[PDB]
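Q: Chains V and U, in that order, give the protein sequences. Per the UniProt record's numbering: the first sequence = residues 1710 to 1994, 2034 to 2046, 2087 to 2108, 2120 to 2420. Per the UniProt record's numbering: the second sequence = residues 8 to 495, 520 to 546, 559 to 587, 602 to 685, 700 to 801, 846 to 947, 956 to 1139. The structure's right below; bear with me while I get my questions together.
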Amino acid sequence: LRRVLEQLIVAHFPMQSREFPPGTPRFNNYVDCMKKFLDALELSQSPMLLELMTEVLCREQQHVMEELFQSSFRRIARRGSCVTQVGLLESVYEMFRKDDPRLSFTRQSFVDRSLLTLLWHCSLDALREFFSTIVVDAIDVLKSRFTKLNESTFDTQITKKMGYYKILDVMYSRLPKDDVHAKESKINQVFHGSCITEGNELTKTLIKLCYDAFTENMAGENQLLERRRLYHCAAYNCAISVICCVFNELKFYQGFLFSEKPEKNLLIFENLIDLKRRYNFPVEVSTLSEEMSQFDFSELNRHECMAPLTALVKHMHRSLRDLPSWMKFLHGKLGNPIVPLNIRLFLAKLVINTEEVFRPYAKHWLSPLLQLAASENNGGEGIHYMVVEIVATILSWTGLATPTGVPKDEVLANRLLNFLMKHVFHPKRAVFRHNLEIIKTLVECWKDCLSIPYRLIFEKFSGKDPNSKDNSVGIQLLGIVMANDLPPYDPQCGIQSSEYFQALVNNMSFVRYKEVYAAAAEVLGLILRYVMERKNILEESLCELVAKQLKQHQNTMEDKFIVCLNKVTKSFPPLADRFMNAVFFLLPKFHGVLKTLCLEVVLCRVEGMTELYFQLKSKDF
Amino acid sequence: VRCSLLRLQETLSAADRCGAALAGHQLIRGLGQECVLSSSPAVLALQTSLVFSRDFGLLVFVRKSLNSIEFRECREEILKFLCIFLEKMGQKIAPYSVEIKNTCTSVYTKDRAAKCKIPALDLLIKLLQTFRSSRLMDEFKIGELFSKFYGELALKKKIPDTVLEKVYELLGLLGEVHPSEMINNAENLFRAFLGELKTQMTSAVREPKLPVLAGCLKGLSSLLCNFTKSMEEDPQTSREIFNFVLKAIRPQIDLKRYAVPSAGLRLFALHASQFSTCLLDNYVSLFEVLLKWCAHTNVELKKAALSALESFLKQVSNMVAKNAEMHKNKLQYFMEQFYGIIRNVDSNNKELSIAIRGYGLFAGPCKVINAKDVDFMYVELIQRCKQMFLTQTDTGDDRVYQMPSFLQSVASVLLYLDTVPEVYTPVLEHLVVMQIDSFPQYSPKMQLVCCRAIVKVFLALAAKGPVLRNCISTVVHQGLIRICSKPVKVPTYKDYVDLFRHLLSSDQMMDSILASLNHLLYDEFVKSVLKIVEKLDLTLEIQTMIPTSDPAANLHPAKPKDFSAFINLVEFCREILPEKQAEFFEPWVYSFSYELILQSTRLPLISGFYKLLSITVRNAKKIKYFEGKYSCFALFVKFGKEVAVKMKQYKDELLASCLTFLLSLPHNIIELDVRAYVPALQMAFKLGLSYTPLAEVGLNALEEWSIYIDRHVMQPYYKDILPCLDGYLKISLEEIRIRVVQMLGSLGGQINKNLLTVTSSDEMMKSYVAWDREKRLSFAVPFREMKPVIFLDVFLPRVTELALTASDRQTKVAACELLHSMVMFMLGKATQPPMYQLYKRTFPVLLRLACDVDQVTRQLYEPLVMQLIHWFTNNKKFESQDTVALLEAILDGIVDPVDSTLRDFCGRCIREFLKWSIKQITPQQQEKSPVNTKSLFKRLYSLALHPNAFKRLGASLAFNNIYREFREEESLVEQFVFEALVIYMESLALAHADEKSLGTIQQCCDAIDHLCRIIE
DNA sequence: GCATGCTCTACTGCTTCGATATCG
DNA sequence: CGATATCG
DNA sequence: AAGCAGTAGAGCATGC
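Pasting the structure below:
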């Protein structure tokens, strides 16, 4: 049966993953036959047919109906008849275990996406039959040694050890501590006959050996390291899963699972982290059934180490001023600006997620956060997503650990603030408005060191030639800085106030596009509101400047004239007498919404105007 | 309004030319962002009547601005945007048009820049396309405009490219819209197109200008419309335009501009039949370039090539049908090419669909070929179509959007075949049922094609042989269970009613275009619909007080997924069967009525049965069918008098259905016994005034009674029909009220005088008496200076009626709340003046408002009733008359007509009384107590031995609700229990000939079952 | 399954400013 | 030199 | 000829 089924499989299937157009009936015939084969598989626990499906599972890299096979593994993973289930498990395990000339992609992907579902999805917590038949079936190959003369057997040694690591890991993923501690068929399996000691024997040497793993340095290895990285991080996953399968009853991770001593050229983190390719990082990112049946009769989250790291620190929070295991140790490993980019870049995206235990201890991990976030270390234009993550986390706990107190942190805030207003434009408007919101949050939490760069804002809005709105960033940033506080006392450190406000009224005179002069009128009138709130400054100069510009409007500009007057009067009452007779004059013939607008204008000053009623009556009130 | 219009009229009149044109361009383009984008008839109608002025307006604007050379901006923009406006408006521009014609002719005659010349001609071509031959030619003669633009082509040369295209386009359209009188000017117009074609493409030098070719061929095609050159007049210009199609269809690759392929293809797609002999020689290269251009990676050239190819294949097949001698090798190439198609080498999606249609179309002329090639087909074809759909479970890849054409090929091969291989009929009949299920996820002009295909295959698979015609019944019987199983996009039932309407009998706009049937379809449909009602078994059962009614709390069904399966069916009959009952339904009434009555009699309390019966009797009134075959007459006149007494003890919709059945007999010939029908028409108006249609059909039957029944037994029966119709006079209520007054008038003069003067004293006068002769309940509204008394009783017979019936929930609850406080108040005064003449009219509406319908008003007044019973049945206020009035109110609330919820609540109430009576009293002075349980039992005995047909049902229901009690008492559970057994047995025997429908016997049998276990 | 929208570009054309045959 | 069309 | 003036244009992307 196996022979004739294999013969038809090689008779009428393609070999590659798709090798076809997705939607041709040839593709539909292929998915038809594969659906029927899973239809046969889904209720008969056949250790012949499970091997016959898993051989055509890993033909190529990634097929189309992968999730169908995950669902069927969840189906066969519990079906009753527990002896047959472990029969399937041991069948596919032994087809993994033997040796034949193959490609090691297959030898990896078997033990990745074939039986880790079956052990993960619930078989039984009493089904320790594999836990009895695996101890002296893989500890012996675990204690092997590297045949580093021919690579073709060396990589298979690596692949077999990696498979054994992932099997031990998924086996320790779901087990209590008592059926590892007491005298059952793990200690009593690895030993011949029952012993007297408390069963904490093989656990300790297993922790020891997987800790010798992921600490053996490649200081004399430059031959095959890509699989060695997976070897090491899977060994660390083994260590954390066995220390979380035991209830880790003691303060233990100061001397274990951490704190490499590099005097003998040791390492932990630069082993498992890549350290060659920096994250290049795209920045931003009932009987009717019966009567029918009778008729029927005729990016770093996807980086192979992140998830268990997040899980272990989540356990460290959810179960248990400075801690030398991971507080002070990773503080030294992140706070030093001599470690490379990737260690700190990865170390961000765990304390970002698990900041909740860092809520009473964020002040230490806030200074190097800004140290890495401000200066150029990231790439692109500052690692956008992680940038807004870092500063959003920081200003989430506003009222604790202000960026002031450290002068380097104050000037770091200044230079980062300068940078984010420098590169701000982004011609897709939604995230541009989001960027302006970001700047609004930063300037509303900064509050102490202003460092508001003039000649920079002046450089942004000072562009002439009213045909393109390159001054729009200047006026929106003007609205941000003047929206709360911070008056523009310009000739103290920047340039003089006179040509400053003259350039602003010049940008008002840029009558080309809509929102530029609209917001120019708006924020200019709010500047007028503050400089009339404080008349100690010579406000009347810029008063007659904007009045002069309005007079140069009102001759041949009338539609723009009435609306800029409307904006500056909604900002500011007492500048209407200069043109009150003019709007009283050309009240009519402005039919449309501008009639409503100039009515809103003449609404302004009626507490002091004498004899308006004749005016309104002769002008059709 | 003219706001921005006045702005434009004031900026036009100044200097600085091209500046007023800039304002004109900008302002009509700003009208662009105002005119269309509000889905409104009202304010858009305001904009139309604002813009269609001829005093001001854009037409006289160019009268101010035609003699202005640099004003190219208006001459582009205003007739670009108003072209869009002319497109958006409907046909309401037909007298709004001569001014547009004069304006556009003037603007075309004085345009300046060719970069601004096109939209005035866009408006031209848009009006001349959107408005065809009509009396608009009698409005303004386009035959005058034809001579005009004949001038502006004939005395016109060196117009460079674009208007050079547009003059030929508008010229051909002038040849298209009503050319009925053009004889000798239309002679050389084809030569005029061919002259430009010759000077473009009869010399390799002077590289051919592209779009003017397509304009000339569009004009040639459009003149050929209604001047069709059949290949009988000149076989030379048809030859040369075929050569020009050939030059239009060459595969020019290394470019994107592809207009002239679409031009030649749309020329080919209309005048295909007029070609005779030039369709033969280069057919293989035509085939190859066409099939290549089916995959020409474009948007509409794809559809142009598909239409051209299928039209050409249809034409050459209709040719080779009559050319069944010469083209043997040609069809031989077609057969082998199409077999190479229909074999899956790697056929992706459409190269097989474009040949399956042609192959089934070739199967017609494939008669004298092999008699076995046709049988290699239709197993190759069925095997080919069977693999695609009917897949796994839930993913998609629909493809049944084009399966109609495959059904067409199936039918067209299957018409001429003989002796079917017939192993694949359970796949064919599993195909048509899935297609009939997959109707409502379609679109119009595909739903109707799908119906065309299904009626085509039913025309195929019925004329073959009677050994085969069973499938046409099996498929519709299965499809009924398909479309009547849905949960009551996801449809419910409302996309197949139109299907069955224009499929069953009114499919006579389907037999025209596709190369008895209605009889077979109607017969199969009625067979299936009587079949389905068999295998349902809707026998509802008991889930967890003593319920006493037919459709009571016995509610859970054995198949709770079948109630929906039948209520989907009954309306599906009601919306289908009255479609042309003029020749079909007449023989079926006896058997259908008989089966429905037999199913209805074993289970009477299921609505919709009578609805189907009502459909049958309405058709039995539509056709005549009544003269007394006599068996059905006798059957109905039995069954009506059965159900007329069966309809007593119901509440709502079973009531609605049985009354709308009872009042719908033919009854010109059921003249006897009107007295057994009038207690239904005295209720079909009384249960109106909160519901229309029963109160409509009652008048609709009183219409027929008066003019068709001889007026002699009618004449005493008018003091009962008319006097309840007066509650009206105080298709909705107003049309029916005008109908009522017309009936009441033309009913006669002497008869309608009964309507007002009948009784005048039943309950109106009792409400019009005081409830006590002397007023009581002084209430002193508390103020700061006055405290004046107001006697709190005079308003009570309005509060106590409005709290019963309002249809006004905002204060019905308020009236109940203040009435609660009012009863609390009358307790508050009488605690220290007798009111036992007031309790007697207070209580038997208080219990009805305690347990009527709603839940918050039942949350109140139920512990009120309980607490007042607790206060009444006591010792400090023992044996006053108010206890007697409460007890008597309880007892005659027990024995009463139709009020079943109140009957059962008073059963609960007498259980409450029976518990608290033995709870409260000490036997030291309880020897002369009228509250004693012996007195309650003696009252129950006098209730029991009684010829009033409800008076003992009250007692047996009381015993049903008290045999839970006295299974714990002593000194009473022993002595008179078999005496009461004798009493109940004698009343049971006296109930011999009441009716089984009244349910007394099935109550007293449970009473004696309660008796026998407690004695044993 | 057809019917429909945002892309921003490459070909094609229009306008426009210079040359230039051609018969007496 | 005076028109007279055509290119580019 | 020489800069611009414009939409067809497949390619992608949306939706019922």
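The beta-carbon is built from N, C-alpha and C at its ideal position, and this holds for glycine as well.
Please work out which residues of its chain come closer than 6 Å, Cβ to Cβ, to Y115 of chain U, disregarding the five sequence neighbours upstream and downstream, and give them in chain order.
A: One-based indexing of the second sequence puts residue 115 of chain U at position 108. Once the five neighbours on either side are set aside, the close Cβ partners of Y115 of chain U are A127.
Q: With a Cβ-Cβ cutoff of 7 Å, do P411 of chain U and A460 of chain U count as a contact?
A: For the purposes of this step, residue 411 of chain U is taken as the residue at position 404 of the second sequence. For the purposes of this step, residue 460 of chain U is taken as the residue at position 453 of the second sequence. In contact: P411 of chain U and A460 of chain U (Cβ atoms closer than 7 Å).
Q: Can you tell which of V:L1975, V:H2233 and V:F2300 has the C-alpha that lies nearest to the C-alpha of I2256 of chain V?
A: What you label residue 2256 of chain V is simply residue 457 of the first sequence in a count that begins at 1. Comparing Cα-Cα distances from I2256 of chain V to each of V:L1975, V:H2233 and V:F2300, the minimum goes to V:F2300.
Q: Would you check if the region 475-482 of chain U and the region 425-445 of chain U touch, i.e. whether three or more CB-CB distances between them fall below 8 Å?
A: Touching, yes, given that three or more Cβ pairs across the two stretches are closer than 8 Å.
Q: Do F2378 of chain V and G2324 of chain V have their beta-carbon atoms positioned less than 7 Å apart in this structure?
A: For the purposes of this step, residue 2324 of chain V is identified with residue 525 of the first sequence, where counting begins at 1. For the purposes of this step, residue 2378 of chain V is identified with residue 579 of the first sequence, where counting begins at 1. No, these two residues do not count as a Cβ contact at 7 Å.
Q: Going by C-alpha to C-alpha distance, which of V:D1878, V:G1908 and V:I1876 sits closest to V1889 of chain V?
A: Here the question's residue 1889 of chain V lines up with position 180 in the first sequence. Checked all of V:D1878, V:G1908 and V:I1876; the closest Cα to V1889 of chain V is V:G1908.
Q: Can you name the start and end residues of the alpha helix (DSSP H) that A1835 of chain V belongs to?
A: The residue given as residue 1835 of chain V occupies position 126 in the first sequence. Counting along the chain, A1835 of chain V falls outside any alpha helix (DSSP H), and DSSP gives it neither H nor E.
Q: Starting from residue 6 of chain U and walking both ways along the beta strand (DSSP E), at which residues does that stretch end?
A: The question about residue 6 of chain U has no answer, for chain U in this structure spans 8 to 1139.
Q: Please name the residue, chosen from U:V417, U:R82 and U:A276, that lies closest to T110 of chain U on a Cα-to-Cα basis.
A: Numbered from its first residue, the second sequence carries residue 110 of chain U at position 103. Nearest C-alpha to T110 of chain U: U:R82.
Q: Does chain U have any CB closer than 7 Å to the CB of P1734 of chain V?
A: Position 25 of the first sequence holds residue 1734 of chain V. Output row for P1734 of chain V: interface = yes.
Q: Please list the terminal residues of the continuous beta strand (DSSP E) segment that includes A302 of chain U.
A: Numbered from 1 along the second sequence, position 295 holds the residue referred to as residue 302 of chain U. Neither: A302 of chain U is in no beta strand (DSSP E) and is coded neither H nor E.
Q: Can you tell me whether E84 of chain U is buried or exposed, with buried defined as 16 or more other CB within 10 angstroms of its CB?
A: The residue labelled residue 84 of chain U in the question sits at position 77 within the second sequence. Its Cβ being crowded by 16 or more others within 10 Å, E84 of chain U is buried.
Q: Just the C-alpha distance for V979 of chain U and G2198 of chain V, rounded to the nearest angstrom, thanks.
A: One-based indexing of the second sequence puts residue 979 of chain U at position 856. One-based indexing of the first sequence puts residue 2198 of chain V at position 399. If you take the alpha carbons of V979 of chain U and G2198 of chain V, they lie about 52 Å apart.
Q: Is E652 of chain U helix, strand or coil by DSSP?
A: Position 595 of the second sequence holds residue 652 of chain U. Helix, per DSSP.
Q: When the Cα atoms are used, what is the spatial distance from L1975 of chain V to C2292 of chain V?
A: Residue mapping note: residue 1975 of chain V aligns to position 266 of the first sequence, counting from 1. Residue mapping note: residue 2292 of chain V aligns to position 493 of the first sequence, counting from 1. For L1975 of chain V and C2292 of chain V, the distance between alpha carbons rounds to 52 Å.
Q: Under 7 Å, Cβ to Cβ, is there at least one residue of chain U near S2308 of chain V?
A: Taking the first residue of the first sequence as position 1, residue 2308 of chain V is located at position 509. By this cut-off, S2308 of chain V is not an interface position.
Q: Check the Cβ-Cβ distances between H1721 of chain V and every residue of chain U, and say whether any is below 7 Å.
A: For the purposes of this step, residue 1721 of chain V is identified with residue 12 of the first sequence, where counting begins at 1. No, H1721 of chain V does not count as interfacial toward chain U.
Q: Determine, using beta carbons only, whether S728 of chain U and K668 of chain U come nearer to each other than 7 Å.
A: Your numbering for residue 728 of chain U matches position 657 in the second sequence. Your numbering for residue 668 of chain U matches position 611 in the second sequence. Cβ distance < 7 Å, so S728 of chain U and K668 of chain U count as in contact.
Q: Which ranges does the alpha helix (DSSP H) cover as unbroken runs of at least 4 residues, wholly within the region 1904-1977 of chain V, from first to last along the chain?
A: 1911-1921 and 1935-1954
Q: Would you say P1991 of chain V reaches chain U, if we count a Cβ-Cβ gap shorter than 7 Å as a contact?
A: If you number the first sequence from 1, residue 1991 of chain V lands on position 282. No, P1991 of chain V does not count as interfacial toward chain U.
Q: Which bits of chain V does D353 of chain U rub up against, with CB to CB less than 7 Å?
A: Numbered from its first residue, the second sequence carries residue 353 of chain U at position 346. Within 7 Å Cβ-Cβ: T1733 and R1735.
Q: Taking the alpha-carbon of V386 of chain U as reference, which of U:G371, U:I349, U:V407 and U:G403 has the nearest alpha-carbon?
A: Here residue 386 of chain U is taken as the residue at index 379 of the second sequence, counted from 1. When each option's Cα is compared against that of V386 of chain U, the closest is U:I349.
Q: Please report how far the alpha carbon of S2174 of chain V lies from the alpha carbon of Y1988 of chain V, in whole angstroms.
A: Position 375 of the first sequence, counted from the first residue, corresponds to residue 2174 of chain V. Position 279 of the first sequence, counted from the first residue, corresponds to residue 1988 of chain V. Those two C-alpha atoms are separated by around 17 Å.
Q: Using only the alpha-carbon positions, how far apart do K471 of chain U and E640 of chain U sit?
A: Along the second sequence, read from residue 1 onward, the residue named residue 471 of chain U stands at position 464. Along the second sequence, read from residue 1 onward, the residue named residue 640 of chain U stands at position 583. Their backbone Cα atoms lie some 25 Å apart in a straight line.
Q: Just mark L660 of chain U as buried or exposed, buried being the case when its beta carbon has 16 or more other beta carbons within 10 Å.
A: Along the second sequence, one-based indexing puts residue 660 of chain U at 603. Counting Cβ neighbours within 10 Å, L660 of chain U comes out exposed, since fewer than 16 surround it.
Q: What is the rounded straight-line gap between the Cα of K2221 of chain V and the Cα of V2210 of chain V?
A: Your numbering for residue 2221 of chain V matches position 422 in the first sequence. Your numbering for residue 2210 of chain V matches position 411 in the first sequence. Approximately 16 Å, taken between the alpha carbons.
Q: Quick check: what's the CA-CA separation for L421 of chain U versus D168 of chain U?
A: Mapped onto the second sequence, residue 421 of chain U falls at position 414. Mapped onto the second sequence, residue 168 of chain U falls at position 161. If you take the alpha carbons of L421 of chain U and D168 of chain U, they lie about 55 Å apart.
Q: Using a threshold of 7 Å, state whether the C-beta atoms of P2167 of chain V and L2133 of chain V are closer than that.
A: Position 368 of the first sequence, counted from the first residue, corresponds to residue 2167 of chain V. Position 334 of the first sequence, counted from the first residue, corresponds to residue 2133 of chain V. Yes.
Q: Is the CB of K618 of chain U under 7 Å away from at least one CB in chain V?
A: Locating residue 618 of chain U in the second sequence gives position 561, where the first residue counts as 1. Output row for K618 of chain U: interface = yes.
Q: Please report the residue range of the alpha helix (DSSP H) in which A2172 of chain V lies.
A: Locating residue 2172 of chain V in the first sequence gives position 373, where the first residue counts as 1. Taken as a continuous stretch (DSSP letters only), the alpha helix (DSSP H) holding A2172 of chain V covers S2166 to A2173.
Q: Is the Cβ-Cβ distance between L961 of chain U and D887 of chain U less than 7 Å?
A: Reading the second sequence from its first residue, position 838 is the one you call residue 961 of chain U. Reading the second sequence from its first residue, position 772 is the one you call residue 887 of chain U. Yes; because the gap between Cβ atoms is below 7 Å, this pair is in contact.
Q: Pair every Cβ in the region 969-976 of chain U with every Cβ in the region 1008-1026 of chain U, then say whether three or more of these pairs are closer than 8 Å.
A: Cβ pair count under 8 Å is three or more, so yes.
Q: Kindly indicate if chain U contains any beta-carbon less than 7 Å away from that of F1956 of chain V.
A: Residue numbering aside, residue 1956 of chain V sits at position 247 when the first sequence is read from its first letter. So, not an interface residue.
Q: Give me the chain U residues within the contact set of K1744 of chain V, using Cβ-Cβ distance strictly less than 7 Å, ordered along the chain.
A: For this step, residue 1744 of chain V is matched to residue 35 along the first sequence. Those are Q399, listed as they occur along chain U.
Q: How is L583 of chain U classed by DSSP in three states: helix, strand or coil?
A: Indexing the second sequence from 1 puts residue 583 of chain U at position 540. Three-state result, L583 of chain U: strand.
Q: Our contact map puts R1026 of chain U next to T605 of chain U with C-beta atoms below 8 Å; I'd like the distance itself, whole angstroms only.
A: Here residue 1026 of chain U is taken as the residue at index 903 of the second sequence, counted from 1. Here residue 605 of chain U is taken as the residue at index 548 of the second sequence, counted from 1. That pair is a contact at about 7 Å.
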